[PDB]
Amino acid sequence: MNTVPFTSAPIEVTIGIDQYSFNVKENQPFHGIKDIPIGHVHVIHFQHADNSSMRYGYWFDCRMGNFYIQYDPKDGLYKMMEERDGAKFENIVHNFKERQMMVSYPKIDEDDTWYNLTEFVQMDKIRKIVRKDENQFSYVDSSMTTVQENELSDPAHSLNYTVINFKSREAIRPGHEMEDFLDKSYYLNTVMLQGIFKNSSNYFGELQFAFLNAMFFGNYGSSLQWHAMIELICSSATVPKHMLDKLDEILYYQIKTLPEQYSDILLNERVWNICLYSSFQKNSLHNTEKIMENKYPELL
Amino acid sequence: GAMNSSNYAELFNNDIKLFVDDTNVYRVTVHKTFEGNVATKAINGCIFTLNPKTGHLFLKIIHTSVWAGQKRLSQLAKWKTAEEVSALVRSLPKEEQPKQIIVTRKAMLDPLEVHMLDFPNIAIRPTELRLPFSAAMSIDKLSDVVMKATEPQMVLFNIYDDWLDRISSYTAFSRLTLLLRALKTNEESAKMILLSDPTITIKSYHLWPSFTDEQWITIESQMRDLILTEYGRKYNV
């Protein structure tokens with residue numbers, strides 16, 4: 001079990017760690033989060049009590065180094081940093097634990113929610129979507145735009161999601177216009193799976209990462225990416241059976257986890273109605289269709 | 001975006017544009033089978049592709065053979081229209097290619113946009129105008145070449161005959177739309193109005209009769225009367 005110590009909490013802030021969140025008061029003696037499960041990517045996220053504008057946060061994996069948070073009163077945010085001195089870090093963490101100034105990652109033993117939301121998500125893939133190679137962790141916030149959003153403006157601070165465009169030469173083979181537009185199997189299987197992602201795991205990893213950025217930061221471009229990647233599978237007549245079964249599970253845990261109150265801004269009515277009721281795969285997502293119908297019958 | 005009463009003059013500027021109407025591409029007769037079920041028999045169709053400035057009509061005849069062994073024909077008809085329009089654009093020299101294509105039905109936007117991905121600078125637009133191009137098959141010479149076709153064929157017409165020698169393209173288009181509206185509302189009455197006086201003929205190289213300026217005003221009057229009558233009939237007002 002790993003630890004992300006905090007130098008201090010000089011400003012009042014809501015702190016998220018994965019799907020959990022805690023209120024810290026201005027100058028509360030808070031020195032960080034312990035008992036963080038090894039084996040998964042994690043996100044530590046922030047919303048200042050005084051400006052509920054800009055949710056922001058850090059994707060990290062504790063296997064890739066020793067990370068801490070320290071408030072920067074110049075840039076006005078909690079920054080993730082790497083401690084390269086292993087002894088300094090162990091000594092810091094041990095003091096704060098002994099003094100019990102750390103909240104414990106509050107995992108229920110039975111509860112697989114975070115595994116189920118992050119099954120295919122890998123830190124090395126996150127670092128290619130979020131380019132800042134001098135750090136081993138990745139910063140995301142509410143306002144960051146996608147490469148695709150920028151085509152339709154600072155490239156260094158963009159989300160480099162794979163561009164999906166149903167009305168593009170990439171998506172449509174010359175002389176197969178009607179066929180490729182009404183059945184996207186070619187686009188899914190040859191262009192994206194074989195050509196760009198290499199396997200369904202990398203495809204699902206990007207889909208899951210896009211959902212979590214949508215939910216945790218209300219990143220609009222991430223929401224568009226998550227919907228596009230669902231719609232490309234649902235609009236394909238030919239999908240491997242294992243991908244359909246896995247997509248049903250992925251979407252089930254995402255729908256189960258979404259705050260009930262955010263369904264209106266995070267769920268696209270057109271895409272979901274199409275995917276569950278019109279698409280080739282309308283009968284292939286039993287778990288997802290059942291949770292959607294029982295939790296968000298309004299949307300449909 | 002969409003083309004309406006507010007941006008009507010744009011049709012007659014010097015940017016090459018075409019209207020595409022797909023309403024006569026897929027045409028059927030519905031009949032009873034021996035077993036008392038219902039079946040369709042396809043008949044020849046056409047794409048109506050019109051430059052509203054010049055009057056040049058690219059009438060692509062759609063022979064029934066194109067439907068043989070195909071499913072979901074009303075959906076295929078949109079994609080076949082888009083394929084033929086894109087083939088027509090590629091066959092024109094660069095300086096004759098349209099800067100815009102306006103489709104008379106919104107169902108044509110995605111099929112045409114997908115077929116024209118090679119032409120990102122050609123704008124594909126809908127219209128809020130209710131254009132009567134469906135009535136094109138009430139023009140005897142266009143109807144005759146469609147029904148006699150034994151294979152796919154493109155036939156070139158000027159739907160304005162020689163009018164542009166005497167009137168602007170704004171006025172030529174208004175005359176055309178009023179003739180087609182009339183033919184669409186009451187074909188028998190409209191055609192009676194156009195051919196009641198046997199002294200006025202249709203030249204071999206024309207679609208409409210050779211009316212003097214004065215006779216057009218009278219014809220145009222009788223067509224407006226036909227439309228309002230039929231309107232007071234339809235709606236009992």
# chains A, B, ... in the order shown; residues from 1 in each chain; ligands from 1
call {"tool": "closest_atom_pairs", "arguments": {"of": "chain B", "to": "chain A", "cutoff": "10 Å", "atoms": "only C-alpha atoms", "output": "Markdown table"}}
result
| residue | atom | partner | partner_atom | distance |
| --- | --- | --- | --- | --- |
| B:75 | CA | A:178 | CA | 9.5 |
| B:76 | CA | A:178 | CA | 8.1 |
| B:78 | CA | A:178 | CA | 9.4 |
| B:79 | CA | A:178 | CA | 6.2 |
| B:80 | CA | A:178 | CA | 8.9 |
| B:82 | CA | A:178 | CA | 9.6 |
| B:83 | CA | A:177 | CA | 8.6 |
| B:110 | CA | A:167 | CA | 8.3 |
| B:111 | CA | A:178 | CA | 7.2 |
| B:112 | CA | A:177 | CA | 9.7 |
| B:113 | CA | A:167 | CA | 7.6 |
| B:114 | CA | A:167 | CA | 6.0 |
| B:115 | CA | A:177 | CA | 6.3 |
| B:116 | CA | A:177 | CA | 9.8 |
| B:117 | CA | A:169 | CA | 6.4 |
| B:118 | CA | A:169 | CA | 7.8 |
call {"tool": "write_last_selection", "arguments": {"atoms": "C-alpha atoms", "output": "PDB file, in the first residue's frame"}}
result
ATOM      1  CA  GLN B  75     -32.268   4.404 -48.718  1.00  0.00           C
ATOM      2  CA  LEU B  76     -30.119   3.178 -51.661  1.00  0.00           C
ATOM      3  CA  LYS B  78     -30.216   8.649 -51.725  1.00  0.00           C
ATOM      4  CA  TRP B  79     -26.690   7.050 -51.972  1.00  0.00           C
ATOM      5  CA  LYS B  80     -27.059   6.364 -55.752  1.00  0.00           C
ATOM      6  CA  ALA B  82     -24.999  11.167 -54.175  1.00  0.00           C
ATOM      7  CA  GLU B  83     -22.738   8.790 -56.225  1.00  0.00           C
ATOM      8  CA  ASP B 110     -25.084  12.954 -45.337  1.00  0.00           C
ATOM      9  CA  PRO B 111     -25.018  10.778 -48.504  1.00  0.00           C
ATOM     10  CA  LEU B 112     -23.804  13.750 -50.618  1.00  0.00           C
ATOM     11  CA  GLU B 113     -21.341  15.003 -47.915  1.00  0.00           C
ATOM     12  CA  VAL B 114     -19.822  11.448 -47.646  1.00  0.00           C
ATOM     13  CA  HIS B 115     -19.528  11.078 -51.508  1.00  0.00           C
ATOM     14  CA  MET B 116     -17.927  14.592 -51.741  1.00  0.00           C
ATOM     15  CA  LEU B 117     -15.195  14.175 -49.012  1.00  0.00           C
ATOM     16  CA  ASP B 118     -12.648  14.596 -51.894  1.00  0.00           C
TER      17      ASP B 118
END
call {"tool": "select_by_dssp", "arguments": {"residues": "range 78-215 of chain A", "states": "strand (DSSP E)", "output": "ChimeraX atom specification"}}
result
/A:78-83,103-104,138-141
call {"tool": "residues_around", "arguments": {"residues": "residue 239 in chain A", "least_positions_apart": "6", "cutoff": "8 Å", "atoms": "only C-alpha atoms", "output": "number ranges by chain"}}
result
A: 185, 189, 233
call {"tool": "write_last_selection", "arguments": {"atoms": "C-alpha atoms", "output": "PDB file, in the first residue's frame"}}
result
ATOM      1  CA  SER A 185     -16.859  -2.318 -39.195  1.00  0.00           C
ATOM      2  CA  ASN A 189     -11.590  -3.264 -37.143  1.00  0.00           C
ATOM      3  CA  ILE A 233     -18.506  -0.067 -31.824  1.00  0.00           C
TER       4      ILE A 233
END
call {"tool": "atom_distance", "arguments": {"atom1": "CA of residue 62 in chain A", "atom2": "CA of residue 139 in chain A"}}
result
15.4 Å
call {"tool": "residues_around", "arguments": {"residues": "residue 265 in chain A", "least_positions_apart": "2", "cutoff": "10 Å", "atoms": "only C-alpha atoms", "output": "VMD selection string"}}
result
chain A and resid 214 to 215 218 220 223 261 to 263 267 to 269
call {"tool": "residues_around", "arguments": {"residues": "residue 221 in chain B", "least_positions_apart": "6", "cutoff": "12 Å", "atoms": "only C-alpha atoms", "output": "number ranges by chain"}}
result
B: 175, 178-179, 182, 190, 193-194, 214-215, 227-228
call {"tool": "atom_distance", "arguments": {"atom1": "CA of residue 54 in chain B", "atom2": "CA of residue 109 in chain B"}}
result
23.7 Å
call {"tool": "residues_around", "arguments": {"residues": "residue 130 in chain A", "least_positions_apart": "6", "cutoff": "10 Å", "atoms": "only C-alpha atoms", "output": "list in words"}}
result
residues 59, 137, 138, 139, 140, 146, 156, 157, 158, 159, 160 and 161 of chain A
call {"tool": "write_last_selection", "arguments": {"atoms": "N, CA and C atoms", "output": "short mmCIF file (atom, residue, chain, number, x, y, z; two decimals), in the first residue's frame"}}
result
data_model
loop_
_atom_site.label_atom_id
_atom_site.label_comp_id
_atom_site.auth_asym_id
_atom_site.auth_seq_id
_atom_site.Cartn_x
_atom_site.Cartn_y
_atom_site.Cartn_z
N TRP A 59 -3.16 12.14 -12.73
CA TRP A 59 -3.09 10.68 -12.97
C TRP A 59 -1.68 10.23 -12.63
N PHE A 137 3.76 11.63 -13.89
CA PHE A 137 2.32 11.79 -13.60
C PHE A 137 1.74 12.76 -14.64
N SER A 138 0.41 12.79 -14.79
CA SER A 138 -0.29 13.58 -15.85
C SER A 138 -1.34 14.52 -15.24
N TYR A 139 -1.21 15.81 -15.53
CA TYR A 139 -2.17 16.87 -15.16
C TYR A 139 -3.31 16.93 -16.18
N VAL A 140 -4.56 16.95 -15.70
CA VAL A 140 -5.77 17.22 -16.52
C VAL A 140 -6.62 18.23 -15.74
N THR A 146 -9.25 19.09 -26.67
CA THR A 146 -8.73 17.90 -27.40
C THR A 146 -8.11 18.36 -28.72
N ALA A 156 0.56 22.09 -26.43
CA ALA A 156 1.32 21.53 -25.28
C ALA A 156 0.36 21.06 -24.16
N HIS A 157 -0.79 21.74 -24.03
CA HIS A 157 -1.78 21.59 -22.93
C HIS A 157 -3.07 20.95 -23.46
N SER A 158 -3.00 20.15 -24.53
CA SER A 158 -4.17 19.52 -25.18
C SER A 158 -4.30 18.06 -24.74
N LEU A 159 -5.48 17.48 -24.89
CA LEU A 159 -5.70 16.02 -24.75
C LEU A 159 -5.58 15.40 -26.15
N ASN A 160 -4.54 14.59 -26.34
CA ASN A 160 -4.18 13.93 -27.62
C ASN A 160 -4.93 12.60 -27.76
N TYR A 161 -6.26 12.61 -27.61
CA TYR A 161 -7.11 11.44 -27.89
C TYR A 161 -7.02 11.13 -29.38
#
call {"tool": "closest_residue", "arguments": {"among": "A:24, A:291, A:243, A:275", "to": "residue 257 in chain A", "atoms": "only C-alpha atoms"}}
result
A:291
call {"tool": "residues_around", "arguments": {"residues": "residue 69 in chain A", "least_positions_apart": "2", "cutoff": "12 Å", "atoms": "only C-alpha atoms", "output": "ChimeraX atom specification"}}
result
/A:3-10,15,30-33,44-46,57-58,60,66-67,71-72,77-83,137
